[PDB]
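Engineer: Structure incoming, see below.
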Amino acid sequence: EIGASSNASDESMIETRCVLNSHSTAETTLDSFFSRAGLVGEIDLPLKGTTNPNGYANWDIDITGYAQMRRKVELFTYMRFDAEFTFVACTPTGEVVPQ
Amino acid sequence: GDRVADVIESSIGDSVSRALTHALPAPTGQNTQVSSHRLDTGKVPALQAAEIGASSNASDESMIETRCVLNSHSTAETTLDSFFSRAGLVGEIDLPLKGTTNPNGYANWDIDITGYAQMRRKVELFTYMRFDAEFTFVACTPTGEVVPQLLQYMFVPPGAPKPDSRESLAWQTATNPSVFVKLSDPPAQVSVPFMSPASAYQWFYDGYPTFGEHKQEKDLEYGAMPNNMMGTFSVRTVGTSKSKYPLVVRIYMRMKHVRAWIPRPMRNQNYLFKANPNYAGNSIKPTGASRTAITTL
Amino acid sequence: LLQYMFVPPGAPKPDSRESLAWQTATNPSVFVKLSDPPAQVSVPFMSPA
Amino acid sequence: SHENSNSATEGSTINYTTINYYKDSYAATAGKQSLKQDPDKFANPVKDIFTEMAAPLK
Amino acid sequence: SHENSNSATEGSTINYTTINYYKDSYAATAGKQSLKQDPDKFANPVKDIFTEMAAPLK
Amino acid sequence: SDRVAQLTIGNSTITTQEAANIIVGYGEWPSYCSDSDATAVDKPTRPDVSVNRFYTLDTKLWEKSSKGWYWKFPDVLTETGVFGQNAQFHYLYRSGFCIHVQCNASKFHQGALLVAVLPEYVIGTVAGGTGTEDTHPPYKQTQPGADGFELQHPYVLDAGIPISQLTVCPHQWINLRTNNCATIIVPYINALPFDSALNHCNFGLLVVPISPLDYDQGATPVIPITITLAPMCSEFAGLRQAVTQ
Amino acid sequence: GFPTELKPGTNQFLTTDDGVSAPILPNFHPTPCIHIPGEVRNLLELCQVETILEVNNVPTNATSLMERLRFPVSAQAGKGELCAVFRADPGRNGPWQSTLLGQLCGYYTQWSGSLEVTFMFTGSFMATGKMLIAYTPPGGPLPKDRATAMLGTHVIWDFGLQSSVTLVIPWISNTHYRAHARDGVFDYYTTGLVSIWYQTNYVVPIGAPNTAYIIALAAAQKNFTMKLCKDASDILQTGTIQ
Amino acid sequence: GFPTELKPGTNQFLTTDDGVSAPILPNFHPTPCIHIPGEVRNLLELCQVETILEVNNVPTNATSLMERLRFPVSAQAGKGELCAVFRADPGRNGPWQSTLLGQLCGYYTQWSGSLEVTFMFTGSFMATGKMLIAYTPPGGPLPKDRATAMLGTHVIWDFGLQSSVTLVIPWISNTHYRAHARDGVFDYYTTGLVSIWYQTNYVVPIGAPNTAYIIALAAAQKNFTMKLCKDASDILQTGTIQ
Amino acid sequence: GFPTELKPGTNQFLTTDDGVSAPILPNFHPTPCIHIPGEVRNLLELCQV
Amino acid sequence: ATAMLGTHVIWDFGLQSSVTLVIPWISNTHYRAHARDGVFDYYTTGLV
Ligand SMILES: Nc1ncnc2c1ncn2[C@@H]1O[C@H](COP(=O)(O)O)[C@@H](O)[C@H]1O
Ligand SMILES: CCCCCCCCCCCCC/C=C\[C@H](O)[C@H](N)CO
Ligand SMILES: CCCCCCCCCCCCC/C=C\[C@H](O)[C@H](N)CO
Ligand SMILES: [Cl-]
Ligand SMILES: [Cl-]
Ligand SMILES: [K+]
Ligand SMILES: [K+]
Ligand SMILES: [K+]
Ligand SMILES: [K+]
Ligand SMILES: [K+]
Ligand code: NA
């Protein structure tokens with residue numbers, strides 16, 4: 001009811017041996033968890049199309065369109081960071097053209 | 001507190017592994033010392049007792065009259081890293097167009113390097129091995145041609161969602177590591193750490209992964225070591241429409257920073273299945289060449 | 001795309017474009033495209049003499 | 001440099017000499033191993049060692 | 001080097017170790033963070049702390 | 001003075017007057033698990049004398065045509081004495097072993113047995129003979145218990161590897177004109193500090209005649225091979241109800 | 001120019017590569033960072049915070065979802081009856097998925113450490129009782145009776161002023177780390193089972209409810225760590241998000 | 001940017017190149033390495049361990065394969081008869097292929113060093129005998145009689161309490177290293193021949209077997225080294241491994 | 001990555017270029033060099049004969 | 001197999017013609033009275 005988590009430890013609940021734990025906590029830092037590139041936007045530039053048949057496109061920067069990335073950042077209320085953006089372009093078949 | 005004598009004087013709990021041998025530096029082959037004739041009783045280097053379990057301790061010097069030879073021949077090429085840090089083929093993945101297997105433009109490969117005999121026979125010389133690795137991915141069409149096609153490779157650890165289509169949401173890859181590369185680029189290459197939950201990978205596990213009755217139907221699980229199961233390697237052509245070209249991805253692995261324990265007899269019968277030592281009972285062959293008589297060459 | 005492999009005396013010489021020997025788990029091989037610059041490597045003095 | 005001790009060989013009784021450009025040590029080259037050997041571990045693991053000159057069983 | 005203090009983490013109570021080739025620090029790598037933790041902030045934010053041995057409510 | 005020996009551990013003593021020294025596997029003696037290698041946090045139980053003692057488990061008859069046998073450790077002991085009970089009540093186990101294989105004959109008999117210890121001795125099958133069927137060995141062949149199991153194809157150790165190279169493992173020979181026993185001490189071998197005594201056999205013991213047994217009509221024809229072994233430095237953890245598998 | 005030679009890996013885009021990229025706004029300085037309460041530095045900080053464990057993960061209709069958050073106890077027949085059971089595997093499908101620990105766990109391939117479940121009794125002040133909570137390490141099948149359960153790690157809980165009790169699920173593993181357990185060969189990594197039994201009985205006087213509920217809160221101990229960062233098993237979207 | 005100029009070799013993938021590659025899991029720390037017995041550091045450690053030499057490499061039917069592991073001796077006519085012969089070339093097809101030394105040897109193009117073969121007599125205690133084991137350096141044809149064999153390096157073995165004897169095949173070569181010998185011009189690298197003769201006779205009293213076997217164990221001396229790492233002559237697979 | 005810019009000459013193979021190339025056999029040590037009579041160091045030595 | 005669970009000696013015939021089996025004092029009481037069939041079997045030493 002107090003609102004705190006239990007303070008009981010292994011040592012006080014059972015007879016324990018000595019264990020020298022050298023398991024690292026490094027991979028659970030915020031940079032470790034978040035500094036992995038994920039998809040946050042897709043932009044189509046078709047030829048004969050309903051959407052962008054004019055050869056250009058405007059995308060309002062909002063990364064909440066993809067669930068994997070979104071769920072991760074929404075674990076926190078406020079976040080401050082720098083970012084590295086990578087743009088992967090190709091035809092719809094995954095082809096590379098001299099464009 | 002301890003008061004009865006047997007408790008005070010006991011060795012229960014000694015954590016120090018008493019070792020009878022130790023390593024010496026040996027950068028070159030041993031030299032030969034000058035020796036002469038010995039006409040003696042009592043001294044008998046040539047006579048051994050193999051029953052003991054040790055190899056003969058007799059040397060050149062004691063069996064013939066030798067000269068002095070300063071041997072500077074190096075032992076460097078026989079280190080574990082020298083022997084193993086050479087990239088070899090460990091996997092092939094097909095991505096055909098009109099096909100029976102992967103006609104959907106993606107493929108999932110369970111990471112297991114026991115599908116190719118050259119590499120397999122080498123690592124199976126030891127029971128446990130711990131190492132880091134460099135993986136290289138060589139992609140092309142079946143004719144060895146290079147085409148302007150973009151691919152995505154993703155490492156899917158156990159528990160992460162395996163993609164089920166070229167358009168799976170899993171390709172968002174927000175946490176798993178993925179490599180995006182063109183066939184026109186040089187082969188992709190990355191470094192991989194030692195990932196087992198155990199201190200080493202083990203090519204042999206004499207046991208079962210779970211408790212229970214080990215009835216005939218769950219006998220395919222004998223020898224299965226989850227500690228060696230690192231996950232899946234997934235590849236896809238990056239598009240919403242089928243690729244215009246059939247592809248092949250060959251995976252090469254180069255081990256580095258290697259440690260190995262418990263050497264064992266080397267495989268002498270053809271391999272038949274991945275991670276399982278079955279051999280063809282009807283075709284058991286000798287380890288090597290044979291001859292007609294023991295008194296003839 | 002081509003594969004060049006050095007086969008020392010005693011190693012199995014490939015007998016086809018699909019020979020198992022191309023697994024090259026120990027021999028040194030070079031994988032290179034014709035479109036790339038010429039492949040180039042250093043070789044040591046290898047004679048038993 | 002100032003990297004992580006990620007290598008599969010961290011804590012090895014033989015020291016290596018490698019090259020690296022990343023923060024993770026397992027990304028490093030194989031380098032040069034140290035040339036120590038212990039044949040006896042496999043070739044002569046007897047409790048009471050016997051000499052070359054003696055009769056092994058007495 | 002002699003760059004600008006542009007990083008999103010300038011003024012952080014934990015120091016990072018990064019690589020950069022540009023005059024703007026935010027261009028730098030993620031580097032290595034410092035390994036400090038404060039579980040109590042979330043797991044035990046009580047005004048009057050109680051021991052492990054005691055009865056929490058007395 | 002190397003031919004004579006006494007092995008005393010627990011309430012058991014073994015003597016031999018035709019020994020050939022003692023092999024200590026991989027050059028190291030069994031030891032308890034250190035606080036740095038350990039990972040499980042409960043205080044272990046180390047029963048000592050009640051479990052680290054010699055148990056004589058089986059006798060096989062060496063015949064002029066025998067192919068050889070194998071036993072799996074700790075499987076051979078999981079149902080015997082206080083050791084067995086501990087192995088059943090605890091999830092975790094670890095220990096070394098002193099193995100003493102006995103076989104005597106006469107100064108007129110002859111033959112030689114290879115006695116070796118092979119870690120992670122995974123058994124293979126003949127794959128339907130043709131090698132097209134991916135069969136697997138049954139539980140009774142992988143964990144044969146105290147009775148052990150006879151090798152079908154000794155030349156390849158029923159696993160596609162050459163018995164000619166088995167000497168790369170800790171071993172001794174029982175060559176009748178020379179000795180009547182083999183003694184091998186084995187430390188705990190595994191890639192984990194502790195493991196299940198039930199699900200995993202750390203090594204196998206192989207006793208294989210390489211030079212066939214022989215003698216003239218009239219000499220005692222029954223030549224037994226008896227297996228005696230003692231756990232060393234046994235430790236158990238992860239206590240719950242007893243389980244046999 | 002200076003002689004260079006390109007190596008494999010050239011031109012590839014590895015999503016986890018920690019490189020340097022050209023900055024788009026030269027000489028740009030960000031808004032200063034004021035003080036904001038609640039900064040977190042490591043996910044492990046969150047894993048030590050207890051969240052509600054849905055031991056009662058059976059009701060599925062929208063109107064009864066809240067019932068998953070608590071399970072009951074009531075007067076019995078004094079035969080040491082079973083109250084509830086659940087697997088202790090934190091990253092396996094089941095009760096733990098309701099916890100933040102379980103969810104965070106989903107972003108890591110391997111974990112290691114002790115766990116703890118604190119049970120809070122929410123019956124009336126006049127209700128008394130003693131329960132036996134047991135943890136059965138790997139290999140032990142679901143205990144058939146209290147006598148069998150009692151042979152493993154356990155706590156005998158007495159209801160009183162202190163509403164709660166903590167059961168520690170100590171790290172007892174053969175390996176230093178466990179991968180996520182699931183049916184099949186990966187059951188090799190199972191943590192074991194937790195079972196709750198009536199030690200005596202739930203007793204109440206005239207005038208007090210015959211049934212009460214227990215709420216379970218779970219978290220990790222300070223020796224808990226995770227490794228091999230991966231994507232979670234769930235992707236919370238069906239079609240494109242608009 | 002900094003002026004560079006690409007050189008030949010650019011973009012190639014050399015399988016033996018010892019380079020640096022981007023790490024896929026940043027800040028990942030591996031499971032600690034506990035102590036495991038039997039660590040090996042150099043293949044040469046293994047080459048010094050004796051394994052069984054199949055001098056009797058003639059039987060080929062599955063049921064007789066075990067007979068290759070030993071060869072016999074029995075009472076003769078006292079004419080210094082020949083017991084067995086074999087080439088001493090360790091990396092050549094023949095008896096040595098049964099040994100671990102021979103197999104390891106297959107991964108190297110060149111070798112250098114002395115070898116040793118230890119013969120263990122497994123007859124009965126009452127059997128006695130003297131054998132002459134000879135090593136004939138290059139150029140000497142297979143000895144026709146014991147008198148010719150006797151002119152080379154040899155050991156005269158007396159059966160007794162010490163069951164075994166060691167024949168050292170000293171390194172006697174024109175070159176510092178030998179490549180693997182085989183029929184043809186590479187016979188230039190042949191090591192020579194080993195032949196075993198009856199020096200006196202196998203003698204036994206009434207009541208003991210007239211035939212007994214000898215087991216041969218072979219390994220390398222401490223001056224042995226190998227160089228020029230290569231793939232083995234055998235590839236143990238026929239079709240794809242499934 | 002570190003900012004570079006390719007210059008003319010890039011990718012060319014000049015037969016007399018004295019460069020560095022990847023070694024094919026790591027940790028390989030050659031057969032020692034014994035003493036051999038008649039070593040020559042400069043062609044000019046021969047021009048005087 | 002059952003006998004083997006108690007105190008024992010494994011004897012090997014050879015030059016030393018004899019072997020000694022020690023029957024160690026393992027009793028609940030400091031002294032035993034003479035054992036015989038009946039309640040005095042309480043003082044029995046055991047079996048060889
Ligand atoms: N097993 C071996 N292999 C190669 N060289 C060795 C070996 N043992 C000893 N040496 C060399 O011989 C010297 C030691 O000779 P010793 O003191 O008689 O053991 C050292 O300087 C080593 O370089
Ligand atoms: C030359 C092209 C450079 C591309 C420039 C990309 C700038 C992106 C800035 C990162 C902004 C972080 C995301 C911010 C807000 C969220 O997406 C949503 N608005 C939340 O409502
Ligand atoms: C971006 C793609 C990266 C590719 C990731 C590759 C990870 C491979 C880890 C190396 C694992 C070593 C082999 C382990 C076990 C054996 O193959 C078999 N399971 C033995 O049963
Ligand atoms: Cl789990
Ligand atoms: Cl050869
Ligand atoms: K610590
Ligand atoms: K030397
Ligand atoms: K960049
Ligand atoms: K690279
Ligand atoms: K070059
Ligand atoms: Na000797």
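Letters A, B, ... go to the chains of the structure tokens in the order shown; residues in each chain start at 1; ligands are counted from 1 in the same order.
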After a least-squares superposition on chain D using every in-order C-alpha pair, I'd like chain E written out as a short mmCIF file (atom, residue, chain, number, x, y, z; two decimals) with C-alpha atoms, in the first residue's frame.
Structural biologist:
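Everything below was put into part-v9.cif:
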data_model
loop_
_atom_site.label_atom_id
_atom_site.label_comp_id
_atom_site.auth_asym_id
_atom_site.auth_seq_id
_atom_site.Cartn_x
_atom_site.Cartn_y
_atom_site.Cartn_z
CA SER E 1 41.92 3.07 -27.15
CA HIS E 2 38.76 3.43 -25.03
CA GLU E 3 36.45 0.62 -26.11
CA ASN E 4 34.33 -2.17 -24.54
CA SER E 5 35.83 -5.52 -23.46
CA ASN E 6 33.51 -7.53 -25.76
CA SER E 7 36.10 -9.92 -27.27
CA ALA E 8 35.53 -13.66 -26.97
CA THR E 9 39.09 -13.83 -25.63
CA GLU E 10 38.97 -11.21 -22.86
CA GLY E 11 40.58 -12.92 -19.85
CA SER E 12 42.78 -15.29 -21.89
CA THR E 13 46.13 -16.46 -20.42
CA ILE E 14 47.75 -15.53 -23.75
CA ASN E 15 47.72 -11.92 -24.98
CA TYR E 16 46.85 -10.89 -28.51
CA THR E 17 47.96 -7.87 -30.56
CA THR E 18 45.09 -6.50 -32.69
CA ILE E 19 43.71 -3.58 -34.73
CA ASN E 20 40.23 -2.03 -34.34
CA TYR E 21 38.25 1.12 -35.28
CA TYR E 22 35.00 0.49 -33.36
CA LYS E 23 33.90 0.76 -29.74
CA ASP E 24 33.33 -2.99 -29.48
CA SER E 25 36.45 -5.13 -29.14
CA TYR E 26 34.99 -8.17 -30.86
CA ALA E 27 35.15 -6.15 -34.10
CA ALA E 28 38.94 -6.28 -33.94
CA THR E 29 41.25 -8.32 -36.17
CA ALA E 30 42.42 -11.82 -35.18
CA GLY E 31 45.90 -10.42 -34.61
CA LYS E 32 48.84 -12.53 -33.39
CA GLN E 33 48.33 -15.16 -30.64
CA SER E 34 51.02 -16.03 -28.09
CA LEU E 35 53.05 -19.12 -28.77
CA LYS E 36 52.71 -21.24 -25.63
CA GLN E 37 51.99 -25.00 -25.71
CA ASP E 38 51.22 -27.69 -23.17
CA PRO E 39 51.52 -31.10 -24.82
CA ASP E 40 51.68 -32.90 -21.48
CA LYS E 41 48.03 -32.15 -20.73
CA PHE E 42 47.16 -34.66 -23.48
CA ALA E 43 50.30 -36.68 -23.99
CA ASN E 44 51.47 -37.28 -20.46
CA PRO E 45 48.64 -36.82 -17.97
CA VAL E 46 50.01 -39.27 -15.39
CA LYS E 47 49.83 -38.72 -11.64
CA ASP E 48 53.38 -39.95 -10.86
CA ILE E 49 55.64 -38.88 -13.77
CA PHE E 50 58.34 -41.37 -14.93
CA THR E 51 61.76 -40.50 -16.50
CA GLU E 52 63.02 -41.22 -20.02
CA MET E 53 65.89 -43.37 -18.69
CA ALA E 54 63.81 -45.48 -16.26
CA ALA E 55 61.74 -48.57 -16.93
CA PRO E 56 58.15 -47.07 -16.93
CA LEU E 57 56.74 -49.95 -14.77
CA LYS E 58 58.75 -50.79 -11.66
#
Engineer: Among chain A, which residues carry a DSSP assignment of helix (DSSP H, G or I), reported as a PyMOL selection string?
Structural biologist: chain A and resi 10-13+26-28+30-34+67-73
Engineer: Give me, as a PyMOL selection string, the contact residues of chain B against chain A at a cut-off of 12 Å, counting only C-alpha atoms.
Structural biologist: chain B and resi 13+105+147-152+154+160-161+166-167+169-185+197+236-245
Engineer: Write out as a count of residues only the set of residues from region 180-230 of chain B that DSSP, computed on the backbone, places in strand (DSSP E).
Structural biologist: 10
Engineer: Check every protein, DNA and RNA residue against ligand 9, keep those with an atom at most 7 Å away (counting only C-alpha atoms and all ligand atoms), and present them as a list in words.
Structural biologist: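 Listing the residues within 7 Å of ligand 9 gives residues 189 and 190 of chain B; 7, 8 and 9 of chain G; 19, 20, 21 and 22 of chain H.
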Engineer: Could you write those residues out with N, CA and C atoms, as a compact mmCIF listing (two decimals), in the first residue's frame?
Structural biologist:
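Output below, filename again_0.txt:
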# COMPACT_ATOMS: atom_id res chain seq x y z
N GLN B 189 29.76 -7.25 -45.03
CA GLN B 189 30.59 -7.93 -44.05
C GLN B 189 30.38 -7.30 -42.68
N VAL B 190 30.22 -8.13 -41.65
CA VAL B 190 30.01 -7.63 -40.29
C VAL B 190 30.71 -8.50 -39.25
N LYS G 7 37.47 -2.24 -48.71
CA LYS G 7 37.25 -3.58 -48.18
C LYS G 7 35.77 -3.99 -48.17
N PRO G 8 35.49 -5.30 -48.05
CA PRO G 8 34.08 -5.72 -48.03
C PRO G 8 33.32 -4.96 -46.94
N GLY G 9 32.03 -4.71 -47.13
CA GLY G 9 31.28 -3.94 -46.16
C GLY G 9 31.06 -2.55 -46.74
N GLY H 19 40.83 -8.55 -41.52
CA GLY H 19 40.42 -7.18 -41.37
C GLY H 19 39.50 -6.90 -40.20
N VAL H 20 38.97 -5.68 -40.20
CA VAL H 20 38.06 -5.16 -39.18
C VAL H 20 36.68 -4.97 -39.81
N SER H 21 35.62 -5.46 -39.17
CA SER H 21 34.26 -5.32 -39.72
C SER H 21 33.32 -4.71 -38.67
N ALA H 22 32.36 -3.93 -39.13
CA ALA H 22 31.40 -3.29 -38.24
C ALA H 22 30.70 -4.31 -37.35
Engineer: Using only C-alpha atoms, select each residue of chain C with any atom at most 8 Å away from an atom of chain B, and give the selection as a compact mmCIF listing (two decimals) with N, CA and C atoms, in the first residue's frame.
Structural biologist:
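Writing the result to iface-v6.txt gives the following:
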# COMPACT_ATOMS: atom_id res chain seq x y z
N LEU C 1 30.71 -12.24 -61.61
CA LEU C 1 31.44 -12.53 -60.38
C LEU C 1 32.31 -13.78 -60.51
N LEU C 2 33.57 -13.67 -60.12
CA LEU C 2 34.49 -14.80 -60.20
C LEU C 2 35.06 -15.19 -58.85
N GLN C 23 34.25 -24.64 -51.41
CA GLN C 23 33.79 -24.24 -50.07
C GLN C 23 34.93 -23.42 -49.44
N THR C 24 36.14 -23.71 -49.91
CA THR C 24 37.38 -23.03 -49.54
C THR C 24 37.56 -22.71 -48.06
N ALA C 25 37.23 -23.67 -47.20
CA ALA C 25 37.31 -23.45 -45.76
C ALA C 25 38.72 -23.21 -45.23
N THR C 26 39.72 -23.61 -45.99
CA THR C 26 41.10 -23.41 -45.56
C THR C 26 41.98 -22.74 -46.63
N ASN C 27 41.84 -23.12 -47.90
CA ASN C 27 42.64 -22.49 -48.94
C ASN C 27 42.24 -21.03 -49.06
N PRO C 28 43.12 -20.20 -49.61
CA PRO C 28 42.71 -18.80 -49.73
C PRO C 28 42.01 -18.59 -51.07
Engineer: Using only C-alpha atoms and all ligand atoms, tabulate the residues of chain G lying at most 10 Å from any atom of ligand 10, each with its closest atom pair and that distance in Å to one decimal, by chain and increasing residue number, as a tab-separated table.
Structural biologist:
residue	atom	partner	partner_atom_place_in_ligand_line	distance
G:3	CA	ligand 10	1 (K)	8.9
G:4	CA	ligand 10	1 (K)	8.4
G:5	CA	ligand 10	1 (K)	6.7
G:6	CA	ligand 10	1 (K)	9.7
Engineer: Quick one, how far is CA of residue 51 (chain H) from CA of residue 290 (chain B)?
Structural biologist: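 Answer for the CA of residue 51 (chain H) to CA of residue 290 (chain B) separation: 18.1 Å.
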Engineer: Hey, which of G:176, G:227, G:182, G:222 ends up closest to chain F? Count only C-alpha atoms.
Structural biologist: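 Smallest distance to chain F is found for G:176.
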